[PDB]
Amino acid sequence: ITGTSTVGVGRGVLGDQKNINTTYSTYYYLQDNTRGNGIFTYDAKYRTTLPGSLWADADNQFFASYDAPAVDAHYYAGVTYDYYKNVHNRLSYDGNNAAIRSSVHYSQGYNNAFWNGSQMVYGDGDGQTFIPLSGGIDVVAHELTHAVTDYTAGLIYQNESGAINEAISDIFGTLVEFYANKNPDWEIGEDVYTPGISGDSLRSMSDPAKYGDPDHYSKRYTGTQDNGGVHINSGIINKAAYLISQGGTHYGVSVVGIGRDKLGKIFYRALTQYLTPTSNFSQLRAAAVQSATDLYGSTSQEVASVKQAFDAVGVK
Ligand SMILES: CC(C)C[C@H](NC(=O)[C@H](CC(C)C)NP(=O)(O)CNC(=O)OCc1ccccc1)C(=O)O
Ligand SMILES: [Ca+2]
Ligand SMILES: [Ca+2]
Ligand SMILES: [Ca+2]
Ligand SMILES: [Ca+2]
Ligand SMILES: [Zn+2]
């Protein structure tokens with residue numbers, strides 16, 4: 001809407017206070033005019049019609065329990081925008097500052113979040129499996145990264161291309177979590193998953209096998225569940241990414257870590273210059289090797305480490 005830019009304050013899902021960019025016109029709306037063509041957060045009101053209504057608040061204070069998922073969806077969308085702009089010189093998901101839209105309070109007891117082709121969508125969880133999912137910065141960045149992927153490589157959401165699609169979202173979700181530098185790790189969704197259980201997560205990039213997922217190509221899922229295992233086989237690529245950044249010896253293959261910034265550069269370049277809608281794991285290896293070559297030279301440690309990592313997870 002048309003209005004004047006303002007700054008509200010509230011608390012997120014985990015009880016942390018933060019400032020948020022709002023817009024005033026009669027009400028204070030969750031509309032951040034400071035980033036591209038805007039970040040807009042909507043209330044789905046426990047229903048499934050999207051986007052719902054642009055979030056309106058009478059006093060610019062967002063401390064109600066009902067407010068918390070909106071505060072975090074809005075704020076973390078901002079952090080993710082900042083990451084892509086400051087780190088990769090990318091302006092929003094389309095590269096041209098497209099408006100970023102999110103809806104919260106989607107459905108009832110909804111244990112998921114997604115990009116629906118046009119916007120981000122967050123459930124509140126059932127209070128047992130999840131608390132409201134926008135409380136996870138890695139989750140918010142995972143979802144916005146699906147938009148980035150769709151506007152770039154366009155990886156089809158099934159089988160190997162779909163598992164790459166998933167891993168790209170987990171990789172950048174994690175890199176955004178490190179960028180914000182609040183309790184960062186290589187786990188996915190730990191801040192919002194199972195409030196009754198401490199120390200667990202939905203997936204692990206450092207050890208995918210701890211949450212049921214393969215860490216080597218020989219252990220790839222080949223059935224039809226989960227669009228041919230897109231959230232399962234992502235473990236193979238997540239492990240490779242983890243090894244490229246942090247190093248390690250995996251099934252006897254040692255990888256020299258080159259750090260998160262170079263991981264990010266290599267995979268961003270692969271995503272935006274080399275991957276296609278039908279790329280498979282082998283093609284991802286080639287894309288990453290070429291990206292590392294472009295950036296650091298064919299005889300570089302960076303190129304050697306990318307090769308080592310894909311070797312370690314059995315992807316040739
Ligand atoms: C138990 C759940 C959360 C695991 C898993 N979902 C996930 O890992 C993350 C959320 C997570 C980071 C918290 N959600 P996602 O974006 O990968 C769900 N994708 C999904 O919904 O894709 C289908 C779709 C395609 C086109 C339009 C609309 C929908 C899944 O869908 O299986
Ligand atoms: Ca209020
Ligand atoms: Ca964390
Ligand atoms: Ca995490
Ligand atoms: Ca937990
Ligand atoms: Zn996903």
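Note that ligands are numbered from 1 as they come in the structure, with each ligand's atoms numbered from 1 the same way. The first residue in the sequence is number 1, and the count goes up from there. Heavy-atom basis, side chains included; hydrogens, waters and symmetry copies ignored.
Distances from ligand 1 to the non-hydrogen atoms of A113 include at least one value under 4.0 Å.
The nearest heavy-atom contact from the protein to atom 1 (C) of ligand 1 is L202 CD1, 3.9 Å.
Relative orientation of the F310 and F267 rings is parallel, given thresholds of 30° and 60° on the angle between their planes. Classification of the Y84-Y268 ring pair by plane angle, with boundaries at 30° and 60°, yields tilted.
For ligand 1 and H146, the ligand atoms under 4.0 Å from any heavy atom of the residue are 16 (O), 17 (O). Short contacts between ligand 1 and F114, defined as distances under 4.0 Å to a heavy atom of the residue, involve ligand atoms 16 (O), 21 (O), 28 (C). The distance from ligand 1 to the heavy atoms of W115 drops below 4.0 Å at these ligand atoms: 27 (C), 28 (C). Applying the 4.0 Å criterion to heavy atoms of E166 picks out, from ligand 1, the atoms 17 (O). When each atom of ligand 1 is checked for a heavy atom of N111 under 4.0 Å away, the hits are 3 (C).
Residue-to-ligand polar distances keep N116 apart from ligand 1: every N/O pair is separated by 3.5 Å or more.
Side chains of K45 and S53: a donor on one and an acceptor on the other come within 3.5 Å. In summary, the side chains of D32 and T34 do present a donor paired with an acceptor at a separation below 3.5 Å, with no hydrogens or angles considered.
Distance check for atom 28 (C) of ligand 1: a protein heavy atom is found below 4.0 Å. Atom 24 (C) of ligand 1 is never approached by the protein to below 4.0 angstrom, counting heavy atoms only.
Between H142 and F172, the ring centre distance reaches or exceeds 6.0 Å.
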